Each structure stands twice: as C-alpha cells, then as structure tokens.
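First comes the structure, then the notes that go with it.
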Amino acid sequence: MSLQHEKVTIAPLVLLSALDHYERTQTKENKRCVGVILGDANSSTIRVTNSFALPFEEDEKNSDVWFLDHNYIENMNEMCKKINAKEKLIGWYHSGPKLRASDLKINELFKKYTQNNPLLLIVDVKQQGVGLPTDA
Amino acid sequence: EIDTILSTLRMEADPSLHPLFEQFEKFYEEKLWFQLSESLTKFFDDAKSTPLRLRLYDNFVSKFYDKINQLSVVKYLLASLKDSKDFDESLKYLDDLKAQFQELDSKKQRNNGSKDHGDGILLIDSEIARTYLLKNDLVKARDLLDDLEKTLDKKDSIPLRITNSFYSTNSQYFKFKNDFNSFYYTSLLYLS
Amino acid sequence: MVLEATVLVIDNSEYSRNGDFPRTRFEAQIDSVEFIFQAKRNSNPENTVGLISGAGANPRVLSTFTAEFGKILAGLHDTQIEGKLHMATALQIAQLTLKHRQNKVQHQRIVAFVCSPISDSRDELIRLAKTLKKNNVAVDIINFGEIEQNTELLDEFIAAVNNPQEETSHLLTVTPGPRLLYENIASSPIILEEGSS
Amino acid sequence: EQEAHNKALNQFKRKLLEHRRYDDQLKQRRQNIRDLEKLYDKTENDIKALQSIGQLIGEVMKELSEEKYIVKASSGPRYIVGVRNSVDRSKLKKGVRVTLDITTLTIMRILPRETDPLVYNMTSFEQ
Amino acid sequence: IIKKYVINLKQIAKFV
Amino acid sequence: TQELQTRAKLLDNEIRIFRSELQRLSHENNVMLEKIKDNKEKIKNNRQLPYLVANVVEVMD
C-alpha cells in the first residue's frame with residue numbers, strides 16, 4: 001500500500017451526512033452506524049468528499065457478531081463513478097466515540113475493496129470533545 | 001515401498017520411539033493427513049540426534065509433500081539439516097524441493113482456486129545462505145542474503161516464521177566475523 | 001422446500017484438504033453446494049441463497065442472497081484451509097443474515113457442513129440453541145466432522161430444538177469414510193426435506 | 001470387444017475429446033476477459049474527462065505581485081487573477097503561457113510555450 | 001451536405 | 001491393463017474440475033459486459049446532435 005496519508009481534509013458535507021444518517025437509521029443504544037467514505041486517495045492530502053450509510057447491525061451481547069452488507073458497497077461503486085469520477089471507495093466511518101478492536105476486523109473487509117490502508121474516520125456524533133470532532 | 005523403510009528404522013530405533021512408527025502408518029491408511037502431520041513432527045523434534053532421520057527423510061517428505069502443508073515439509077527439512085554435518089547432502093536436497101514446488105503450483109493454483117507457494121521458496125533460500133556459512137564460504141553467504149532482503153520487503157504480508165529464519169542467518173554471519181557491535185544491532189531484529 | 005431462504009455455511013479446514021473423500025473432501029463439497037442450490041431454485045424461483053464461512057475466528061460473508069449461481073461459485077473456489085471452525089459464531093452471523101428477506105414470509109434455514117471436531121463448549125451451545133428455537137430458525141446439520149473420531153455432541157442440541165414449529169431441525173449423518181459426500185446428498189431427502197411441523 | 005474393460009475405455013474415447021473442447025473453451029475465455037478489461041478502461045476514460053472540464057489560456061502579461069497577477073487572455077479581455085498554492089511564484093515569469101480556471105479565474109498552472117503555427121512549422125522539421 | 005449537414009450561421013458558428 | 005484403466009478413472013474426475021472452472025469464467029464475462037453497456041449510453045447522450053464543430057490547433061501531448 002501507499003503510505004501517503006499525511007493529512008486527511010474533511011468536507012463540512014461529510015460531517016452533515018454522517019449525523020443525519022446516524023439518526024435516520026435510528027441506530028441507538030450504542031448501535032454503531034458504519035458507512036462508506038468516498039473521495040480521492042493515494043495522495044498526500046486525502047480529500048474526503050462524501051459518505052453514505054451502508055446497512056449495518058451491531059449486537060450489544062457480543063461485539064464479534066455484526067452484519068455488514070457486501071453487495072451494497074458494490075452497487076454504490078458504478079453509481080458513484082458516474083456522479084463524480086474523482087471519487088473512489090477509500091474506507092469507512094465509525095460513529096465512535098470508542099476505538100474498538102472490532103475495527104481491526106471490519107477494516108479487513110474494507111481492505112478487500114481498497115487500494116490504500118483503510119481509512120478510519122471516527123466522526124464523533126455526540127460532539128463531547130468540541131475540539132477534535134474527528135480522529136483519523 | 002514405505003513398508004520396508006518403516007521396518008528398517010523401527011528395528012534400529014529405540015523402544016521409546018517404537019510407537020511413532022506404528023502411528024505414521026495408521027493415519028496414512030485412514031487418510032487423516034492432519035494427523036499425519038502431528039506424528040511426523042514429534043519424530044523430527046526428538047530424534048534428530050540419531051541417524052534414523054537420515055534413512056527416513058527424503059523418501060517420507062518427497063512422497064508425503066502434497067498431503068500436508070508445504071510449510072510443514074520445509075519445517076521438517078530444517079531439523080534434518082542442522083544435525084547433518086554433510087554439506088554436499090545439505091546443498092542438494094534444497095534444490096530438489098525447490099523444483100518440486102515450482103512444478104506443483106502449475107496444478108494447484110487453479111485446482112484449489114487458491115493456493116500460495118511462496119512460503120517454501122524464501123525459506124529454502126535462507127538455508128542456502130546458511131549452508132554456505134558452515135562451509136566457510138562467508139563472502140558468498142552475505143551477498144545472497146542482501147538479495148533476499150530486497151525480495152522480502154516487496155512482499156507486504158509475510159508469515160513470522162519466514163522473517164525469523166532470515167534474521168537467524170543474518171545474525172549468524174555477524175557473530176562469525178566477530179563484529180561485536182554489529183552482531184548485537186542485527187541480532188535485536190531476530191529477537192523482536 | 002418452497003418460500004425458503006437458505007444460508008449455507010462453508011467450512012474449510014485441515015480436514016477439508018484430506019483425501020477422506022476422493023480426490024479430496026474440499027472438491028467433493030464443490031459438487032454439493034451447487035447441487036443443493038439448483039434444486040432450491042427449481043422448486044421455487046423466489047428462493048435465494050447466500051454463502052458465509054465458518055472458517056477463521058472471524059466468519060466472512062462471501063456471498064449475499066442471490067438467485068444467480070455465479071456469485072456463490074466464485075467465493076467457493078477461494079479457500080483458506082488453515083482457518084478453524086467456530087460454529088458458535090457462524091450460527092449468529094447466519095441469524096442476522098437470514099433476517100434481511102425480500103419477503104418475510106420465507107422460512108429460515110441454515111444448512112451447515114461440518115468438517116472438523118468442535119472448538120465450542122457444550123454449555124455455550126445449550127444457551128445458543130434456545131435462542132434459535134425462539135426465533136423459529138431451524139438448522140440442518142450435515143455431519144461428517146465429529147463422528148470421524150469423537151462423540152456426536154451436536155446431537156443433543158438438534159433433539160431439544162425439535163418441537164412444533166415453522167420448520168423442524170434435522171441431524172443428517174453422512175458416514176465419514178470414503179463414500180462420496182455429494183453422492184449421499186443426492187440420495188438423501190431433498191424433496192421430502194421440507195419444513196415439517 | 002469380448003472384454004468389457006475395452007468397452008469402458010471406448011466410452012472414455014469420447015470423454016477424452018470432451019476435455020479437449022473444455023480446455024479450448026477455457027483459453028478462449030481467459031483471452032476474452034482481458035479484451036473486455038481494455039475496452040472497459042477506454043470507455044471509463046471518457047467519464048473521467050467529463051468531470052475534468054475545459055480551461056482558458058492567457059499569458060502573464062505583467063507581474064505586479066506574488067499575490068496578484070495580470071494576465072491577458074488570448075481570446076480577449078485582460079483579467080486580474082490569483083495564484084494557486086502548488087504552482088510556484090518563480091515558475092511564473094513574464095511571457096509564460098498559463099492556464100487558469102474558467103469558473104473562478106485562478107491560475108492553475110504553467111503551460112509550455114504554445115508557439116504560433118508559423119514558428120511551430122520550422123521546429124517540426126527533421127531532415 | 002454530408003451523408004446531417006454542416007450549417008454555417010451568420011454569427012460564423014459551425015454546427016453539424 | 002492396470003495402468004490404462006487407472007488412467008480412465010483419472011479422466012473421469014478431470015471433467016469435474018473442468019466444469020467447475022468453466023462456469024466461473026462464464027458468469028464473469030456476462031458481468032463485465034454489462035458494465036460496458038452503461039458507460040456506452042452516457043457517451044451516446046453527448047454524441048447526440050447538434051454539437052459544436054471546432055478545429056484542433058495542435059496537440060501538445
């Protein structure tokens with residue numbers, strides 16, 4: 001892979017999308033929303049243009065147990081290529097706040113799609129840390 | 001073929017090692033090749049000091065090579081060649097097995113729908129370099145090793161076993177020259 | 001069975017690569033998966049099938065629900081045989097999968113190939129079994145892993161899961177020695193393998 | 001013929017030919033995939049250009065500042081534009097042909113000298 | 001006439 | 001007579017591998033072709049008459 005990842009710039013648009021999406025999928029009681037992030041990559045500045053939720057389930061009883069829908073990732077790729085071709089599949093956002101070890105395991109499915117080390121964009125939804133509303 | 005070799009060994013061999021000989025056979029008839037794998041290893045752990053390994057090895061490894069993981073064959077090959085003091089034998093067997101793996105993959109990669117064969121090749125190259133060290137060809141062994149370095153690092157995922165064997169060699173060379181500082185710096189990589 | 005959704009669990013291990021069934025047990029499975037799909041499709045076109053792994057610690061979805069043969073056949077060929085079965089995980093990951101349905105009328109079936117001795121506690125499964133029969137999820141166990149050299153633990157659980165239901169649990173034993181795995185399946189119920197109550 | 005193991009092998013004669021066919025089908029297919037990858041990439045190249053969109057050319061009429069530069073467009077009206085951060089201030093020199101956004105009117109980059117056809121024709125000769 | 005048509009407009013714009 | 005008949009049993013199993021491979025490649029071809037068909041339609045919209053006529057002064061390349 002590319003090690004070029006230096007800065008990750010994040011449009012104000014991605015953030016608005018992720019909030020909205022979190023609340024329209026009504027993922028609550030620390031039910032994780034996992035969605036895709038599109039933009040450019042294999043550049044020093046990774047330009048994070050957009051995100052769209054993927055279908056997703058997370059079980060509180062045991063964290064190994066989750067679903068993620070493979071086909072949805074695929075469907076979106078030919079649509080997103082037509083819309084704006086500078087977009088590429090680059091990884092996934094997590095609702096966070098917590099940094100899990102279930103994210104090593106989710107990264108491995110995204111690692112199939114991606115041409116870079118999967119970018120994990122922790123967009124905090126509660127916004128408790130006012131500064132750093134993002135970790136990369 | 002394998003009956004006559006088995007007996008020859010069993011006869012010569014200690015009674016403590018009489019049960020391994022029976023087991024090799026039993027697991028083979030049933031076609032448990034997971035089990036076949038276990039039984040063989042124990043032998044190469046505990047009876048690598050006796051010349052019993054000599055008469056057994058080429059015939060059993062090159063006939064059982066396909067049943068078990070490729071990584072297992074070369075693992076067993078390693079044990080056999082440390083305690084071998086004969087360098088003509090050492091140099092030889094490495095080549096046979098190298099050609100075997102090249103042939104093999106013409107078939108397997110498509111047949112399986114997925115196989116990797118790159119594990120044995122690198123492991124084997126570490127051993128070449130290593131023979132040369134015992135053989136007092138110290139210039140030769142360094143220069144292969146450097147080339148190895150180039151390949152290893154192009155690969156982006158390697159199993160631990162590979163990179164530790166390379167480092168074992170890289171270290172052995174340093175302490176033979178009696179460069180104290182260098183021995184210590186390179187040896188840290190092997191310890192990690 | 002008509003109006004059924006079927007998650008196949010494909011298991012790949014150091015016991016798949018054995019010549020237990022000639023040429024190898026793995027390549028004999030290739031046959032069986034195809035066999036079963038074409039027949040579900042022919043009973044009803046709405047029937048859809050996905051493919052997930054029991055291999056590794058983390059199961060992978062290889063295929064989603066599909067009516068097309070290609071998606072399932074392509075994943076099937078990639079195999080990592082040093083994975084180890086975790087049956088306990090695979091059942092749960094299966095449950096979620098079966099949850100998403102084009103028509104929720106469709107029955108929930110798990111068909112699981114078993115190629116190695118379990119890693120999973122008896123007790124673990126006692127809890128887990130009680131979960132499936134609550135959500136009327138029935139599991140047909142094709143077994144030839146356990147009975148190679150150990151007690152059939154899996155049995156006890158299949159028995160308790162049987163009661164009046166949408167679908168009933170089955171325990172189908174395929175003798176583990178060389179006799180052709182796909183040939184057995186063909187010869188078994190498959191048109192009488194229905195959601196009996 | 002009296003031997004029934006001969007009859008089997010004769011039935012295999014037919015099966016020997018069936019393999020031959022399969023192998024010809026497989027080679028052909030592997031070849032086919034590769035053809036379609038190339039055809040795909042070429043058609044995908046148009047989707048990518050479309051989003052790129054054209055550009056307007058002038059030339060650095062006169063440096064006034066590092067911050068702001070005076071360019072005279074080839075098609076006409078002189079404009080005052082800004083510099084982009086990756087393009088360097090010193091690459092910019094008087095008389096260099098420059099490219100600029102249509103939209104924002106901001107110097108994207110230097111172009112090579114885009115010689116008139118008359119002097120282009122003299123260069124073009126290799127005798 | 002091209003086996004469409006090339007028109008020439010009076011603002012001197014060319015179109016097929 | 002042993003070797004020749006054991007070769008017939010070899011040729012029986014070869015079919016299985018051959019069918020298994022053939023099928024996979026066949027579905028791949030269909031999938032790839034469709035992706036060309038969508039890309040071609042967008043090209044079709046642009047090409048639709050009228051369009052500006054121009055001339056290329058030179059290709060820098």
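Points worth noting:
- Cβ neighbours within 10 Å from other chains - mean over D:41-48: 5
- Residues of region D:59-88 falling in the label zone of D:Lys94, defined by backbone nitrogen less than 20 Å from a point 7 Å along Cα to beta-carbon, are D:59-74, D:78-83, D:88.
- Per-pair calculated FRET efficiency, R0 = 25 Å: C:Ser119 and C:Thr173 via Cβ, rounded to 0.05: 0.75
- Within region D:78-127, trypsin sites (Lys or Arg not before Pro) in DSSP loop having at most 15 other beta-carbon neighbours inside 10 Å: D:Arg84, D:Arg89, D:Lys91, D:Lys93, D:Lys94, D:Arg113
- Spin-label model distance (nm) - D:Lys38 vs C:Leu192, 7 Å beyond Cα toward Cβ: 5.8 nm
- Gyration tensor verdict on region C:68-126 (Cα atoms; rounded if a/c is under 1.5, prolate if a/b is larger than b/c, oblate otherwise): oblate
- Backbone HN-Hα couplings from phi across region D:70-87 [Karplus 6.51/-1.76/1.60, Hz, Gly and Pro as x]: 9, 10, 10, 5, 4, 5, x, x, 4, 9, 10, 10, x, 9, 9, 6, 6, 5
- Residues B:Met11 and B:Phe180, FRET efficiency given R0 of 51 Å [Cβ-Cβ distance, rounded to 0.05]: 0.55
- For region D:1-107, the normalised intensity computed at q = 0.16, 0.22 Å⁻¹ comes to -0.81, -1.08 (log10 of I(q)/I(0), Debye sum over alpha carbons, equal scatterers, no solvent).
- Under 12 Å, Cβ to Cβ, from D:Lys62 - net charge with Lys/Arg +1 and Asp/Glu -1: +3
- Zero-based 5 Å bins, Cα pair distances in chain C, whole percents: 1, 7, 17, 22, 23, 18, 10, 2, 0
- Among the GluC sites (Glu not before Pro) within region D:46-107, those in coil by DSSP and having at most 13 neighbouring Cβ atoms inside 10 Å are D:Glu66, D:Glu67.
- Under 5 Å between amide hydrogens, built in the peptide plane, is the criterion, and for A:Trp92 it picks out A:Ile37, A:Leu119, A:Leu121 among residues at least 5 positions away or on other chains.
- The H on the amide N of C:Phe144, modeled in the peptide plane, is under 5 Å from the matching H of C:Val114, each at least 5 residues off or on a different chain.
- DSSP finds beta bridges in chain C, and of those with both partners inside it, around 10 percent are antiparallel.
- Set of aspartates and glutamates with alpha-carbon distance to F:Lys44 below 13 Å, sequence-local pairs under 8 removed: D:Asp46
- Shape call, region B:130-192: gyration tensor on alpha carbons, a/c limit 1.5: oblate
- Phi to ³J(HN,Hα) by Karplus 6.51 cos²θ - 1.76 cosθ + 1.60 over region C:104-116, Hz, x for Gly, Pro: 7, 5, 3, 6, 10, 10, 10, 10, 10, 6, 10, 10, 10
- A simple rule links phi to the HN-Hα coupling: the Karplus curve 6.51 cos²θ - 1.76 cosθ + 1.60 with θ = phi - 60°, which for region B:125-134 gives 4, 4, 6, 4, 4, 5, 4, 4, 4, 6 Hz, with x for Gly and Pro.
- Taking other residues whose beta carbon is less than 13 angstrom from the beta carbon of B:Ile5, and scoring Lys, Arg as +1 and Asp, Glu as -1, yields -1.
- For C:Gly56, the amide hydrogen comes within under 5 Å of the amide hydrogens of C:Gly83, C:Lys84, counting only partners 5 or more places away or on other chains and with H modelled in the peptide plane.
- Label-point separation, F:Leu11 to D:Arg20 (7 Å along Cα→Cβ), nm: 1.1 nm
- With a cut-off of 17 Å on the backbone N, the residues of region F:36-61 near the modelled label site 7 Å out from E:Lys14 along Cα-Cβ are F:50-59.
- P(r) tail for region A:3-136: Cα pairs beyond 27 Å make up 13% of the total.
- Cα gyration tensor shape for the protein assembly as shown, rounded if a/c is under 1.5, else prolate or oblate: prolate
- Counting Cβ atoms of other protein chains within 10 Å of each residue's Cβ and taking the mean over peptide B:48-56 gives 0.
- Flagged links, alpha-carbon separation over 24 Å, of B:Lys75/B:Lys108; E:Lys10/F:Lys40; B:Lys67/C:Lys71; B:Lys75/B:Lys155; B:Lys75/C:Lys84; B:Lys63/B:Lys98: E:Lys10/F:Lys40; B:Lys67/C:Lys71
- Residue order for C:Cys115, A:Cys80, fewest other beta carbons within 10 angstrom first, comes to A:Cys80, C:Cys115.
- Cα gyration tensor of region D:44-127 - equivalent ellipsoid semi-axes, whole Å, descending: 23, 20, 12
- By the count of other C-beta atoms within 10 Å, a proxy for reagent exposure, C:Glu4, D:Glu126 are ordered fewest to most as D:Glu126, C:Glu4.
- Sorted by Cβ neighbour density within 10 Å, fewest at the top, the residues B:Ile158, D:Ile107: B:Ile158, D:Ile107
- Taking a straight Cα-Cα cut-off under 18 Å and skipping sequence neighbours fewer than 8 places away in the same chain, the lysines within cross-link reach of D:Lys15 are D:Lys7, F:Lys9.
- Our summary gives region A:3-136 a relative contact order of 23 percent, counting only alpha carbon pairs under 8 angstrom and 6 or more residues apart.
- Loop GluC sites (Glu not before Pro), chain F (other Cβ atoms within 10 Å of the site Cβ: 12 or fewer; DSSP): F:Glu58
- For the pair D:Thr123 and D:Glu63, label points projected 7 Å from Cα toward Cβ lie 2.2 nm apart.
- Applying a threshold of 31 Å to the alpha-carbon distances of B:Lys31/C:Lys99; C:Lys40/F:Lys35; A:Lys28/A:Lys82; B:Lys154/B:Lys175; A:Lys112/D:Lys27; A:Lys28/C:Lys134 flags B:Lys31/C:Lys99; A:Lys28/A:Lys82 as lying beyond it.
All Cβ positions, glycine included, derive from the backbone under ideal geometry; neighbour counts span all protein chains shown. Any read-out appearing in this document is the output of simple, stated calculations on the displayed coordinates, not a laboratory observation.
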